[PDB]
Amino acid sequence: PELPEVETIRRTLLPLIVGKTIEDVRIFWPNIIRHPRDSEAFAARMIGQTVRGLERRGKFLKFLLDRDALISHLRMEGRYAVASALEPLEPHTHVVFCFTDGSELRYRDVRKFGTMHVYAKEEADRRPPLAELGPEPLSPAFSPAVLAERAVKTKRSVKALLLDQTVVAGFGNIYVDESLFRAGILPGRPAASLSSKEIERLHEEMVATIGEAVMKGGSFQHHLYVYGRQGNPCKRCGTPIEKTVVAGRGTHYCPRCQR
């Protein structure tokens, strides 16, 4: 999931857990726990704390408790669900938070790529992994000036630049490909080759795409122009969409609309 999907999770999960107190924490795949390194310490410190809020920073979810904050990244396939602690768990459930009212928050992740870090609230934003993140795209903090500053400094592809969470936080493979198509820019061109006009246009489309995706509850799949449409005609010019590899990942684009 990318920013739109994570934001949809944040909004829907909050009312299902706010106000509940943690009674136990069970871990079935220790590698997911990154800090504290010892999973026994990770579990023990959360017992007795109550959920007070849930925020999002980039692609991360930030569970706010009493003293601590739990920072969770779903990576490629992580997912959360709330259910009765009396029922059998679903396959691939690796971490479970048991509440005093008999319900529980379950974390599932088939590929086991997700991560979890716990810090005191005041230290969360000053320690990894949140410390080095770029600005939120839907905030005044993200502007053309900010994009140009990083752009006019590197020769790597513009797609590689957009996937860099230190530049701006929240974009993944789908929304980077969609934003570049809407702005009319080829994904493989050097970031330093973009003109000032191209930068302003890219910024504008990035904000519009991510904003619209949030409103639609994420993949919005019926509104995709290029992602996963290789071999199909472009919705704007009819030219077949193509797929290659850029920045080490699948890349979709229209050879006529993007230059």
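Quick note: we count residues from 1 along the sequence shown, nothing fancier.
Look at the stretch from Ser219 to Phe220 and count the residues of the deposited sequence that the entry does not model, then pick none, 1 to 3, 4 to 9, or 10 or more. 10 or more residues lack coordinates between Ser219 and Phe220.
Should the higher mean CA B-factor in the entry be assigned to 136 to 144 or to 114 to 122? The stretch with the larger mean CA B-factor is 136 to 144.
Output the stretch having the higher mean C-alpha B factor in the entry; the candidates are 232 to 240 and 19 to 27. Here the higher of the two C-alpha B-factor means belongs to 232 to 240.
Could you say which of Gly188, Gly170, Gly102, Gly78 has its CA atom at the highest B factor, as listed in the PDB entry? If I rank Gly188, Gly170, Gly102, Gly78 by C-alpha B-factor, first place goes to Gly188.
Whose CA atom has the top B-factor in the entry, of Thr154, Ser72, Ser84, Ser179? Highest C-alpha B-factor among the listed residues goes to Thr154.
Based on the entry's values, in what third of the chain does the Cα temperature factor of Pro36 lie: lowest, middle or highest? Middle third of the chain for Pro36's C-alpha B-factor.
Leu163, C-alpha B-factor rank within chain (lowest, middle or highest third): As the PDB entry reports it, the C-alpha B-factor of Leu163 lands in the middle third of its chain.
Against its chain's modelled residues, does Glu212's Cα B factor rank lowest, middle or highest third? It belongs to the highest third of the chain when residues are ordered by C-alpha B-factor.
Can you tell me whether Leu130 has a C-alpha B-factor in the lowest, middle or highest third compared with the other modelled residues of the same chain? CA B-factor rank for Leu130: middle third.
Sort the modelled residues of this chain by their C-alpha B factor and say whether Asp66 lands in the lowest, middle or highest third. Tercile = middle for this residue's CA B-factor.
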